[PDB]
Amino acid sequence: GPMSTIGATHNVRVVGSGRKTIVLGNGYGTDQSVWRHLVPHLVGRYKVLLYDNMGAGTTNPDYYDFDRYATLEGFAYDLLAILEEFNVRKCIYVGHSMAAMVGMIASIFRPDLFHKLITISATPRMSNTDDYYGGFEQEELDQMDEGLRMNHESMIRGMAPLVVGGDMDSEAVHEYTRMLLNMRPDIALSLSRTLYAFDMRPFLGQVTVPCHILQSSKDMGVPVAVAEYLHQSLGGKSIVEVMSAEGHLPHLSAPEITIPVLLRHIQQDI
């Protein structure tokens, strides 16, 4: 009855101390160590909750429920369950990419739990349509999927430097490559396919909590125009900041620039 395994299965960690709580959600294929340059600057004034989304290399693959996670709201249910279990009444939610969209969905189901959302490299939809520019044609996504299934390790070793950007053999490229490779390949494929088909656009007007939209000046997964799209479509308050840093994972690869941006948007309200 009262026994919850969600803290063990999702590697939930509460650190820091303070009146307000910050929750950090990881993007595709990453684990919470991606936040290790941010957390030191939060713990003096904030409680911080870290966790890994189901299917990460740091999590047990036997617990990945394919039907649950076939579409993204399954991860939103996990987030709400973590907030319930750890008695998080209200939080500042920072989410990278996938986790930005998960926090959006969760904030629609339960706006009371979210003081605001802060997004990094968020896109509501990857593939272009006749009236929307996501940065990918569907044929590109299909070819990317074909490369991933045909030779999973080679695809990952090659894509990780391009996604991180600005210099392979950077430490961040190595960590990202390692987290991607530590995923079980069938889970990596399934979640990739979920993200290829995800479409937040119809739902964006339902978001009412304030959103701080941050993104890099050059992100191979997210054209900067998509950040402006979100700003025009969200149902509540929002602000966009394009950072000088490049890359899909700037909190990992450009913390010297990104952490100060993040802190500014944590403190200040729109």
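Just count from 1 along the sequence shown to find any residue number.
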Completion exercise
Entry B factor averaged over C-alpha atoms, 38-46 against 53-61: higher for 53-61
Problem - Entry-level comparison of average CA B-factors, 164-172 and 136-144, reporting the higher stretch - result: 164-172
Handout entry: residue 199 by Cα B-factor - lowest, middle or highest third of the modelled chain
Key = lowest
Problem - Ranked C-alpha temperature factor of residue 119 among modelled chain residues, by third - result: lowest
Practice task
Would you check the entry's CA temperature factor for residue 32 and let me know if it's in the chain's lowest, middle or highest third?
Solution key: lowest
Problem - CA B-factor placement of residue 154, once the chain's modelled residues are sorted into thirds - result: highest
Problem - CA B-factor ranking of residue 259, expressed as a third of its chain - result: highest
